[PDB]
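Engineer: My structure is in entry_9.cif, and what it holds is mmCIF, N, CA and C atoms:
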data_data
loop_
_atom_site.label_atom_id
_atom_site.label_comp_id
_atom_site.auth_asym_id
_atom_site.auth_seq_id
_atom_site.Cartn_x
_atom_site.Cartn_y
_atom_site.Cartn_z
N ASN A 551 56.31 101.39 121.34
CA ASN A 551 56.52 100.53 120.18
C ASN A 551 56.46 101.31 118.88
N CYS A 552 56.91 102.56 118.91
CA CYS A 552 56.89 103.45 117.74
C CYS A 552 55.49 103.58 117.15
N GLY A 566 60.54 100.39 102.86
CA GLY A 566 60.40 98.94 102.87
C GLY A 566 61.53 98.24 103.59
N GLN A 567 61.26 97.03 104.07
CA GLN A 567 62.24 96.22 104.78
C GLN A 567 62.33 94.84 104.14
N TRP A 568 63.52 94.26 104.23
CA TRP A 568 63.74 92.93 103.66
C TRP A 568 62.99 91.87 104.46
N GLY A 569 62.61 90.80 103.77
CA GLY A 569 61.95 89.68 104.39
C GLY A 569 62.93 88.61 104.84
N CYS A 570 62.38 87.44 105.14
CA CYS A 570 63.20 86.32 105.60
C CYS A 570 63.86 85.62 104.42
N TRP A 571 65.05 85.09 104.67
CA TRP A 571 65.75 84.31 103.66
C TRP A 571 65.04 82.98 103.44
N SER A 572 65.32 82.37 102.29
CA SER A 572 64.76 81.07 101.97
C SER A 572 65.71 79.96 102.42
N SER A 573 65.20 78.73 102.41
CA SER A 573 66.01 77.59 102.78
C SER A 573 67.07 77.32 101.72
N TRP A 574 68.23 76.86 102.16
CA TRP A 574 69.32 76.56 101.24
C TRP A 574 68.91 75.45 100.29
N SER A 575 68.94 75.74 98.99
CA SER A 575 68.58 74.76 97.99
C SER A 575 69.57 73.60 98.00
N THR A 576 69.15 72.48 97.41
CA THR A 576 70.01 71.31 97.34
C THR A 576 71.30 71.64 96.59
N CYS A 577 72.41 71.13 97.11
CA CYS A 577 73.72 71.38 96.50
C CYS A 577 73.77 70.78 95.11
N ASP A 578 73.86 71.63 94.09
CA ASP A 578 73.83 71.16 92.71
C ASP A 578 75.11 70.40 92.37
N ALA A 579 75.15 69.86 91.15
CA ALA A 579 76.35 69.17 90.70
C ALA A 579 77.54 70.11 90.65
N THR A 580 77.30 71.38 90.32
CA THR A 580 78.33 72.40 90.36
C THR A 580 78.38 73.03 91.75
N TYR A 581 79.40 73.86 91.98
CA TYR A 581 79.52 74.57 93.25
C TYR A 581 78.31 75.44 93.54
N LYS A 582 77.64 75.94 92.50
CA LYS A 582 76.64 76.99 92.65
C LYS A 582 75.46 76.55 93.52
N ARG A 583 75.36 77.15 94.71
CA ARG A 583 74.21 77.00 95.59
C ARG A 583 73.70 78.38 95.95
N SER A 584 72.38 78.55 95.93
CA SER A 584 71.78 79.87 96.01
C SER A 584 70.85 80.00 97.21
N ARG A 585 70.65 81.24 97.63
CA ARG A 585 69.69 81.60 98.66
C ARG A 585 69.12 82.96 98.30
N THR A 586 67.81 83.11 98.48
CA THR A 586 67.09 84.29 98.01
C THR A 586 66.36 84.97 99.15
N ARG A 587 66.42 86.30 99.17
CA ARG A 587 65.68 87.12 100.12
C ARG A 587 64.68 87.98 99.36
N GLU A 588 63.54 88.25 100.00
CA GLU A 588 62.45 88.99 99.39
C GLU A 588 62.28 90.34 100.07
N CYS A 589 62.06 91.38 99.26
CA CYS A 589 61.81 92.72 99.78
C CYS A 589 60.31 92.95 99.95
N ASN A 590 59.72 92.14 100.82
CA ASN A 590 58.29 92.22 101.09
C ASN A 590 58.01 92.66 102.52
N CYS A 601 63.24 98.31 98.76
CA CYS A 601 64.34 98.44 99.72
C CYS A 601 65.68 98.17 99.05
N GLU A 602 66.77 98.47 99.76
CA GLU A 602 68.12 98.33 99.23
C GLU A 602 68.77 97.07 99.78
N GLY A 603 69.49 96.38 98.92
CA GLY A 603 70.19 95.16 99.30
C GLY A 603 70.31 94.23 98.11
N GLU A 604 70.48 92.95 98.41
CA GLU A 604 70.62 91.91 97.40
C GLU A 604 69.46 90.92 97.51
N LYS A 605 69.00 90.44 96.35
CA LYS A 605 67.92 89.47 96.29
C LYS A 605 68.40 88.04 96.15
N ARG A 606 69.68 87.82 95.88
CA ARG A 606 70.20 86.48 95.65
C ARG A 606 71.64 86.41 96.16
N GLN A 607 71.99 85.25 96.71
CA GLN A 607 73.35 84.99 97.18
C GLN A 607 73.75 83.61 96.71
N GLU A 608 74.79 83.54 95.88
CA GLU A 608 75.23 82.29 95.25
C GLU A 608 76.59 81.91 95.82
N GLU A 609 76.63 80.81 96.57
CA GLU A 609 77.84 80.34 97.21
C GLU A 609 78.23 78.97 96.65
N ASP A 610 79.38 78.48 97.10
CA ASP A 610 79.94 77.23 96.62
C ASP A 610 79.64 76.08 97.57
N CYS A 611 79.52 74.88 97.02
CA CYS A 611 79.33 73.67 97.82
C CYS A 611 79.73 72.46 96.99
N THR A 612 80.66 71.65 97.51
CA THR A 612 80.98 70.36 96.92
C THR A 612 81.15 69.23 97.92
N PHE A 613 81.43 69.51 99.19
CA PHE A 613 81.71 68.48 100.20
C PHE A 613 82.86 67.58 99.74
N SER A 614 83.98 68.22 99.37
CA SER A 614 85.14 67.48 98.89
C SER A 614 85.88 66.76 100.01
N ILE A 615 85.65 67.16 101.26
CA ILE A 615 86.32 66.54 102.41
C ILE A 615 85.48 65.35 102.85
N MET A 616 85.90 64.15 102.44
CA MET A 616 85.23 62.92 102.85
C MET A 616 85.80 62.36 104.15
N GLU A 617 87.11 62.48 104.35
CA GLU A 617 87.74 61.94 105.55
C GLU A 617 87.36 62.76 106.78
N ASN A 618 87.17 62.08 107.90
CA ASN A 618 86.82 62.72 109.16
C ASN A 618 87.63 62.06 110.27
N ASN A 619 88.61 62.78 110.79
CA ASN A 619 89.47 62.28 111.86
C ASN A 619 89.31 63.07 113.15
N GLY A 620 89.34 64.39 113.07
CA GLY A 620 89.21 65.23 114.25
C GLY A 620 89.54 66.68 113.94
N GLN A 621 89.09 67.59 114.80
CA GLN A 621 89.34 69.01 114.59
C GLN A 621 90.81 69.33 114.88
N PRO A 622 91.58 69.79 113.90
CA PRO A 622 92.99 70.08 114.13
C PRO A 622 93.23 71.51 114.58
N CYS A 623 94.38 71.72 115.20
CA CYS A 623 94.80 73.03 115.66
C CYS A 623 95.93 73.52 114.77
N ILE A 624 95.89 74.80 114.40
CA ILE A 624 96.78 75.34 113.39
C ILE A 624 97.67 76.41 114.00
N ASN A 625 98.84 76.60 113.39
CA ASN A 625 99.80 77.61 113.81
C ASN A 625 99.55 78.89 113.01
N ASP A 626 100.39 79.91 113.25
CA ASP A 626 100.24 81.18 112.56
C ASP A 626 100.99 81.19 111.24
N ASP A 627 102.29 80.92 111.27
CA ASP A 627 103.10 80.89 110.06
C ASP A 627 104.26 79.93 110.28
N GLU A 628 104.76 79.38 109.19
CA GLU A 628 105.85 78.41 109.19
C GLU A 628 106.98 78.89 108.29
N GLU A 629 108.01 78.05 108.17
CA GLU A 629 109.18 78.36 107.36
C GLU A 629 109.46 77.19 106.42
N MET A 630 110.45 77.40 105.54
CA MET A 630 110.81 76.37 104.57
C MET A 630 111.71 75.31 105.20
N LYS A 631 112.85 75.73 105.75
CA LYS A 631 113.80 74.82 106.37
C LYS A 631 114.22 75.37 107.72
N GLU A 632 114.39 74.48 108.69
CA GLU A 632 114.79 74.87 110.04
C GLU A 632 116.26 75.30 110.06
N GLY A 643 123.88 58.58 114.93
CA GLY A 643 123.56 58.04 113.62
C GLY A 643 124.38 58.66 112.50
N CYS A 644 124.37 58.01 111.34
CA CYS A 644 125.14 58.54 110.22
C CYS A 644 124.31 59.55 109.44
N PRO A 645 124.90 60.70 109.09
CA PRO A 645 124.17 61.68 108.26
C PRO A 645 124.02 61.21 106.82
N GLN A 646 123.43 62.05 105.97
CA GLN A 646 123.28 61.72 104.56
C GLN A 646 124.66 61.64 103.90
N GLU B 986 104.90 52.42 107.43
CA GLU B 986 104.05 52.87 108.52
C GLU B 986 102.58 52.67 108.21
N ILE B 987 101.78 52.55 109.26
CA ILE B 987 100.34 52.29 109.16
C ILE B 987 99.58 53.51 109.67
N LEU B 988 100.10 54.70 109.38
CA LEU B 988 99.54 55.95 109.89
C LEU B 988 98.02 56.04 109.77
N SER B 989 97.50 56.02 108.55
CA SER B 989 96.06 56.21 108.37
C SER B 989 95.67 55.84 106.95
N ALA B 990 94.43 55.35 106.81
CA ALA B 990 93.79 55.13 105.51
C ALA B 990 92.30 55.40 105.73
N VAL B 991 91.86 56.59 105.35
CA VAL B 991 90.53 57.09 105.71
C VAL B 991 89.77 57.46 104.44
N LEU B 992 88.54 56.95 104.33
CA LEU B 992 87.62 57.32 103.26
C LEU B 992 86.23 56.88 103.68
N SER B 993 85.30 57.83 103.77
CA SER B 993 83.95 57.52 104.24
C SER B 993 83.01 58.63 103.82
N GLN B 994 81.71 58.34 103.93
CA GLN B 994 80.59 59.24 103.68
C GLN B 994 80.41 59.60 102.21
N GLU B 995 81.27 59.10 101.32
CA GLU B 995 81.10 59.40 99.90
C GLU B 995 79.96 58.58 99.28
N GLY B 996 79.84 57.31 99.67
CA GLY B 996 78.79 56.47 99.11
C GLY B 996 77.40 56.89 99.55
N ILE B 997 77.27 57.42 100.76
CA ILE B 997 75.95 57.81 101.26
C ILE B 997 75.57 59.20 100.77
N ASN B 998 76.52 60.13 100.74
CA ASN B 998 76.21 61.51 100.38
C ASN B 998 76.00 61.66 98.88
N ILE B 999 77.01 61.32 98.08
CA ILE B 999 76.97 61.52 96.63
C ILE B 999 77.24 60.17 95.99
N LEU B 1000 76.17 59.43 95.69
CA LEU B 1000 76.25 58.24 94.85
C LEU B 1000 75.39 58.39 93.61
N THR B 1001 74.11 58.72 93.77
CA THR B 1001 73.24 59.08 92.66
C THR B 1001 72.52 60.40 92.86
N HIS B 1002 72.37 60.87 94.10
CA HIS B 1002 71.72 62.15 94.41
C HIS B 1002 70.32 62.25 93.82
N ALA B 1008 73.76 69.78 83.94
CA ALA B 1008 73.72 69.00 82.72
C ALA B 1008 75.13 68.60 82.28
N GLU B 1009 76.03 69.59 82.22
CA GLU B 1009 77.40 69.33 81.82
C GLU B 1009 78.25 68.76 82.95
N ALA B 1010 77.79 68.86 84.19
CA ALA B 1010 78.53 68.38 85.35
C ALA B 1010 78.23 66.93 85.69
N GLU B 1011 77.55 66.20 84.80
CA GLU B 1011 77.37 64.77 85.01
C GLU B 1011 78.71 64.05 85.05
N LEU B 1012 79.67 64.50 84.24
CA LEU B 1012 81.03 63.97 84.31
C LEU B 1012 81.64 64.24 85.68
N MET B 1013 81.56 65.49 86.14
CA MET B 1013 82.08 65.84 87.47
C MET B 1013 81.43 64.99 88.56
N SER B 1014 80.17 64.60 88.37
CA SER B 1014 79.49 63.79 89.36
C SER B 1014 79.92 62.33 89.31
N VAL B 1015 80.06 61.77 88.10
CA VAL B 1015 80.30 60.33 87.98
C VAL B 1015 81.78 59.94 88.02
N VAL B 1016 82.70 60.87 87.79
CA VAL B 1016 84.12 60.55 87.77
C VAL B 1016 84.63 60.06 89.13
N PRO B 1017 84.36 60.75 90.25
CA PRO B 1017 84.93 60.29 91.53
C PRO B 1017 84.45 58.92 91.96
N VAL B 1018 83.35 58.41 91.40
CA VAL B 1018 82.88 57.07 91.74
C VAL B 1018 83.91 56.03 91.31
N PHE B 1019 84.54 56.24 90.15
CA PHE B 1019 85.56 55.31 89.68
C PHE B 1019 86.72 55.24 90.66
N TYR B 1020 87.19 56.39 91.13
CA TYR B 1020 88.31 56.41 92.07
C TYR B 1020 87.92 55.86 93.43
N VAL B 1021 86.67 56.09 93.86
CA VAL B 1021 86.21 55.51 95.12
C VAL B 1021 86.17 53.99 95.02
N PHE B 1022 85.68 53.46 93.90
CA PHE B 1022 85.67 52.01 93.71
C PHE B 1022 87.09 51.46 93.65
N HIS B 1023 88.00 52.20 93.01
CA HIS B 1023 89.39 51.76 92.95
C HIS B 1023 90.02 51.71 94.33
N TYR B 1024 89.75 52.73 95.16
CA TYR B 1024 90.28 52.73 96.52
C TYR B 1024 89.68 51.60 97.34
N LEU B 1025 88.38 51.33 97.17
CA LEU B 1025 87.75 50.25 97.91
C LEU B 1025 88.31 48.89 97.49
N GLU B 1026 88.63 48.73 96.21
CA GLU B 1026 89.20 47.47 95.75
C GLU B 1026 90.65 47.32 96.21
N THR B 1027 91.39 48.42 96.28
CA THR B 1027 92.78 48.35 96.71
C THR B 1027 92.88 48.08 98.21
N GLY B 1028 92.12 48.82 99.02
CA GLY B 1028 92.18 48.65 100.46
C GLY B 1028 91.59 47.35 100.95
N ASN B 1029 90.69 46.73 100.17
CA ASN B 1029 90.09 45.45 100.52
C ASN B 1029 89.34 45.52 101.85
N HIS B 1030 88.66 46.64 102.09
CA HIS B 1030 87.90 46.87 103.32
C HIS B 1030 86.45 47.16 102.95
N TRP B 1031 85.58 46.18 103.15
CA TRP B 1031 84.15 46.35 102.93
C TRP B 1031 83.30 46.00 104.15
N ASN B 1032 83.89 45.47 105.21
CA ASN B 1032 83.14 45.06 106.40
C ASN B 1032 82.70 46.23 107.26
N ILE B 1033 83.04 47.47 106.88
CA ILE B 1033 82.64 48.62 107.69
C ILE B 1033 81.13 48.82 107.65
N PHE B 1034 80.49 48.46 106.54
CA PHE B 1034 79.04 48.58 106.42
C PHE B 1034 78.36 47.27 106.79
N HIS B 1035 77.11 47.38 107.25
CA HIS B 1035 76.36 46.19 107.64
C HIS B 1035 75.89 45.39 106.42
#
Show me the file's structure as structure tokens.

Structural biologist:
Amino acid sequence: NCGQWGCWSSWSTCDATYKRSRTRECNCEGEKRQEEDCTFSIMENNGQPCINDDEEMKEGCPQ
Amino acid sequence: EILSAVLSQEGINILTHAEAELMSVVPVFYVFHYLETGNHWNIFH
């Protein structure tokens, strides 16, 4: 069985703005704060969709 | 067509929870407008 970073903190409540933060303690090299975005703009919930790789613009009586 | 009309979890997640008070309160107007237009309130108990 033979400084180091500590454990991250709990994600703070999502503020009115996108800014949500998480902090790590050096209790060393690295970052002490990480600020990410959060808004939960997707209210609708239908199902997990499957996506393609790439698409194109363009492929009875006519028009 | 009657494809879909979906809106949920907005009233429970963000209803009441400095400069972003506008950003917070604006979507409530549109949610109320959608609820009045769709005429669907029986989804909740």

Engineer: Taking the file as shown, what set of residues would the PyMOL selection byres ((chain A) within 6 of (chain B)) give back, as a count of residues only?

Structural biologist: 4

Engineer: What's the separation between atom N of residue B:1019 and atom C of residue B:1000, in Å to one decimal place?

Structural biologist: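 Result for atom N of residue B:1019 versus atom C of residue B:1000: 10.0 Å, one decimal.
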
Engineer: Excluding residue A:582 and residues on its chain fewer than 4 positions from it, collect all residues at most 7 Å away from it, counting all atoms listed in the file, and give them as a PyMOL selection string.

Structural biologist: chain A and resi 577-578+608-611

Engineer: Rounded to one decimal in Å, what is the spacing between atom CA of residue A:602 and atom CA of residue A:569?

Structural biologist: 11.8 Å

Engineer: DSSP on the backbone, helix (DSSP H, G or I) only: what residues of chain B does that give? Format it as a VMD selection string.

Structural biologist: chain B and resid 995 to 998 1011 to 1028

Engineer: Could you check the closest approach to residue A:607 for each of A:619, A:575, A:551, A:625 and tell me which residue wins, using only C-alpha atoms?

Structural biologist: A:575

Engineer: Written as a list in words, which residues does the PyMOL selection byres ((chain A and resi 590) around 8) give for the file shown?

Structural biologist: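 Those residues are residues 566, 567, 568, 569, 570, 587, 588, 589 and 601 of chain A.
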
Engineer: What does the distance from atom N of residue A:584 to atom CA of residue A:606 come to in Å, to one decimal?

Structural biologist: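 Computing the Euclidean distance for atom N of residue A:584 and atom CA of residue A:606 yields 8.2 Å.
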
Engineer: Would you give me, as a ChimeraX atom specification, the residues in chain A that DSSP reads as strand (DSSP E or B)?

Structural biologist: /A:571,583-587,606-609
